[PDB]
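Written out below as structure tokens is the structure these notes cover.
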Amino acid sequence: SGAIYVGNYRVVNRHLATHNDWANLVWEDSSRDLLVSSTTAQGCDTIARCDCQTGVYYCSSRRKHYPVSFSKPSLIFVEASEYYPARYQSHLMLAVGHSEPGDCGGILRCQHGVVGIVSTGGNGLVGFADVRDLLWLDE
Ligand SMILES: CCS(=O)(=O)NCc1ccc2c(c1)OCO2
Ligand SMILES: CCS(=O)(=O)NCc1ccc2c(c1)OCO2
Ligand SMILES: CCS(=O)(=O)NCc1ccc2c(c1)OCO2
Ligand SMILES: [Zn+2]
């Protein structure tokens, strides 16, 4: 689990979005595994605006943050899960690291702020759904 809170927006994994997230839907992209809902309380997170390829992510299944090198956001095939069919996920970044399903929503951060959230894993890789292209999150 995990979300990003910026302005009046809550960013979550689309597959973990709650009934209240869907009741307050602003934007969703199935191909990206993202959903943004509206919040009443102001959020304090800053979104990174950069092309960093190094950062730190929170891994709940290890109660640890790991530093990682990650690929630029791209269209990658993701094996079917208990939340998705075997499909092509867009705006996805991969690193070598530990990820289990429950690690989804872990934040990946660089010096500029939030880069993305854990979205995929397995085979010793962790996949992060990029948010740095969603400029509207900061207006
Ligand atoms: C992540 C597990 S969950 O059960 O809390 N949310 C999934 C969900 C399923 C159907 C929905 C919905 C939300 O909102 C509209 O219809
Ligand atoms: C030295 C072994 S490693 O390279 O596999 N450690 C992970 C790592 C990845 C990116 C980093 C970093 C550490 O610190 C700065 O950026
Ligand atoms: C084959 C195992 S599975 O059917 O549960 N889905 C793959 C998976 C593994 C690790 C994850 C993940 C999804 O999302 C975050 O880290
Ligand atoms: Zn950065």
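FYI, nothing fancy with the structure tokens labels: chains A, B, ... in order, residues from 1 per chain, ligands from 1 as they appear.
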
To check your reading of the model: which residues sit at most 8 Å from ligand 1 when counting only C-alpha atoms and all ligand atoms? Write the answer as JSON, numbers by chain. {"A": [15, 16, 17, 18, 19, 20, 21, 22, 23]}

Would you kindly return, as a list in words, each protein, DNA or RNA residue with an atom no farther than 8 Å from any atom of residue 60 in chain A, considering only C-alpha atoms and excluding same-chain residues fewer than 5 positions away? residues 102, 103 and 106 of chain A

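Near residue 2 in chain A, within 7 Å and counting only C-alpha atoms, sit residues 12, 104, 105 and 106 of chain A, not including residues fewer than 2 positions from it in the same chain.
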
Output C-alpha atoms of each residue in that selection to a file, as an mmCIF file, in the first residue's frame.
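New file result_33.cif:
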```cif
data_model
loop_
_atom_site.group_PDB
_atom_site.id
_atom_site.type_symbol
_atom_site.label_atom_id
_atom_site.label_comp_id
_atom_site.auth_asym_id
_atom_site.auth_seq_id
_atom_site.Cartn_x
_atom_site.Cartn_y
_atom_site.Cartn_z
ATOM 1 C CA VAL A 12 -2.436 5.540 -5.802
ATOM 2 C CA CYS A 104 2.906 -1.469 -4.364
ATOM 3 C CA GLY A 105 2.531 2.221 -3.322
ATOM 4 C CA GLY A 106 6.069 2.448 -1.955
#
```

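A distance search around ligand 3 (7 Å at most, only C-alpha atoms and all ligand atoms) returns the following protein and nucleic acid residues: residues 79, 80, 81, 82, 99, 100, 101, 102, 103, 104, 118, 119, 120, 121, 122 and 126 of chain A.
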
Dump the neighbourhood of ligand 4 as a PyMOL selection string: all residues within 12 Å, distances computed on only C-alpha atoms and all ligand atoms. chain A and resi 46-56+69-70+72+108-116+130-132

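Nearest residue to residue 13 in chain A, choosing from A:94, A:26, A:117, A:41 and counting only C-alpha atoms: A:117.
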
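Nearest to ligand 2 of all the residues A:30, A:66, A:35, A:138 is A:66, based on only C-alpha atoms and all ligand atoms.
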
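Between CA of residue 88 in chain A and CA of residue 33 in chain A lies a distance of 10.7 Å.
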
If you run DSSP on this backbone, which residues of range 11-127 of chain A come out as strand (DSSP E or B), and could you give them as a PyMOL selection string? chain A and resi 11-13+25-29+34-44+47+54-59+64-69+74-78+87-96+107-110+113-122+125-127

Write the residues you've just listed into a file as a PDB file, in the first residue's frame, and include C-alpha atoms for each of them.
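File produced: again10.pdb:
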```pdb
ATOM      1  CA  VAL A  11      -2.062   9.326  -6.261  1.00  0.00           C
ATOM      2  CA  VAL A  12      -2.436   5.540  -5.802  1.00  0.00           C
ATOM      3  CA  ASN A  13      -1.943   2.290  -7.674  1.00  0.00           C
ATOM      4  CA  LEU A  25     -12.006  10.076  -9.267  1.00  0.00           C
ATOM      5  CA  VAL A  26      -9.966  12.859 -11.036  1.00  0.00           C
ATOM      6  CA  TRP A  27      -7.927  10.741 -13.517  1.00  0.00           C
ATOM      7  CA  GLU A  28      -7.044   7.064 -14.132  1.00  0.00           C
ATOM      8  CA  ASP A  29      -4.915   5.210 -16.670  1.00  0.00           C
ATOM      9  CA  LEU A  34      -2.351   4.955 -11.761  1.00  0.00           C
ATOM     10  CA  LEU A  35      -5.441   6.614 -10.272  1.00  0.00           C
ATOM     11  CA  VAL A  36      -5.671  10.124  -8.850  1.00  0.00           C
ATOM     12  CA  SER A  37      -8.571  11.087  -6.530  1.00  0.00           C
ATOM     13  CA  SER A  38      -9.448  14.504  -5.018  1.00  0.00           C
ATOM     14  CA  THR A  39      -8.781  15.192  -1.289  1.00  0.00           C
ATOM     15  CA  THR A  40     -10.240  17.920   0.984  1.00  0.00           C
ATOM     16  CA  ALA A  41      -6.989  18.294   3.050  1.00  0.00           C
ATOM     17  CA  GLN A  42      -3.919  19.908   1.280  1.00  0.00           C
ATOM     18  CA  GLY A  43      -1.042  17.474   0.480  1.00  0.00           C
ATOM     19  CA  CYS A  44       2.612  18.269   1.374  1.00  0.00           C
ATOM     20  CA  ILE A  47       6.671  15.775  -7.339  1.00  0.00           C
ATOM     21  CA  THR A  54      18.898   7.097  -9.410  1.00  0.00           C
ATOM     22  CA  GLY A  55      16.789   7.325  -6.268  1.00  0.00           C
ATOM     23  CA  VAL A  56      15.624   5.566  -3.126  1.00  0.00           C
ATOM     24  CA  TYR A  57      12.414   3.508  -2.725  1.00  0.00           C
ATOM     25  CA  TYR A  58      10.565   2.203   0.314  1.00  0.00           C
ATOM     26  CA  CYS A  59      10.166  -1.619   0.369  1.00  0.00           C
ATOM     27  CA  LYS A  64      13.842  -0.796   4.375  1.00  0.00           C
ATOM     28  CA  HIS A  65      14.625   1.941   1.842  1.00  0.00           C
ATOM     29  CA  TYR A  66      16.929   0.854  -0.984  1.00  0.00           C
ATOM     30  CA  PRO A  67      18.947   3.044  -3.296  1.00  0.00           C
ATOM     31  CA  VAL A  68      18.488   2.005  -6.969  1.00  0.00           C
ATOM     32  CA  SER A  69      19.428   2.745 -10.587  1.00  0.00           C
ATOM     33  CA  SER A  74       8.846   3.037 -21.106  1.00  0.00           C
ATOM     34  CA  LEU A  75       6.297   0.475 -22.406  1.00  0.00           C
ATOM     35  CA  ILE A  76       7.212  -2.898 -20.810  1.00  0.00           C
ATOM     36  CA  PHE A  77       5.371  -6.277 -20.833  1.00  0.00           C
ATOM     37  CA  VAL A  78       4.260  -7.235 -17.252  1.00  0.00           C
ATOM     38  CA  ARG A  87      -0.277  -6.838 -20.504  1.00  0.00           C
ATOM     39  CA  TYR A  88       1.969  -3.908 -21.615  1.00  0.00           C
ATOM     40  CA  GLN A  89       2.253  -1.264 -18.827  1.00  0.00           C
ATOM     41  CA  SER A  90       3.274   2.233 -19.987  1.00  0.00           C
ATOM     42  CA  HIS A  91       5.395   4.897 -18.131  1.00  0.00           C
ATOM     43  CA  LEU A  92       7.061   2.030 -16.184  1.00  0.00           C
ATOM     44  CA  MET A  93      10.636   2.218 -14.752  1.00  0.00           C
ATOM     45  CA  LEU A  94      12.590  -0.967 -13.759  1.00  0.00           C
ATOM     46  CA  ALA A  95      15.364  -1.447 -11.202  1.00  0.00           C
ATOM     47  CA  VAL A  96      17.100  -4.521  -9.772  1.00  0.00           C
ATOM     48  CA  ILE A 107       7.482   5.821  -3.038  1.00  0.00           C
ATOM     49  CA  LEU A 108      10.620   6.164  -5.196  1.00  0.00           C
ATOM     50  CA  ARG A 109      12.321   9.523  -4.444  1.00  0.00           C
ATOM     51  CA  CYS A 110      15.267  11.535  -5.873  1.00  0.00           C
ATOM     52  CA  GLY A 113      11.033  14.828  -4.929  1.00  0.00           C
ATOM     53  CA  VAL A 114       8.625  11.961  -5.700  1.00  0.00           C
ATOM     54  CA  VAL A 115       9.514  10.072  -8.932  1.00  0.00           C
ATOM     55  CA  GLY A 116       6.904   7.277  -8.770  1.00  0.00           C
ATOM     56  CA  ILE A 117       5.363   4.401  -6.843  1.00  0.00           C
ATOM     57  CA  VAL A 118       6.073   0.658  -6.779  1.00  0.00           C
ATOM     58  CA  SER A 119       3.660  -0.981  -9.292  1.00  0.00           C
ATOM     59  CA  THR A 120       5.263  -4.325 -10.449  1.00  0.00           C
ATOM     60  CA  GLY A 121       7.864  -6.875  -9.221  1.00  0.00           C
ATOM     61  CA  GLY A 122       9.159 -10.488  -9.476  1.00  0.00           C
ATOM     62  CA  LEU A 125      13.102  -6.583 -10.456  1.00  0.00           C
ATOM     63  CA  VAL A 126      10.978  -3.730  -9.086  1.00  0.00           C
ATOM     64  CA  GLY A 127       8.795  -1.669 -11.402  1.00  0.00           C
TER      65      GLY A 127
END
```

Which is closer to ligand 2 than all the others in A:137, A:123, A:8, A:98, using only C-alpha atoms and all ligand atoms? A:98

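Compared by their closest atoms to residue 129 in chain A, and using only C-alpha atoms, the residues A:31, A:61, A:1, A:24 rank with A:31 nearest.
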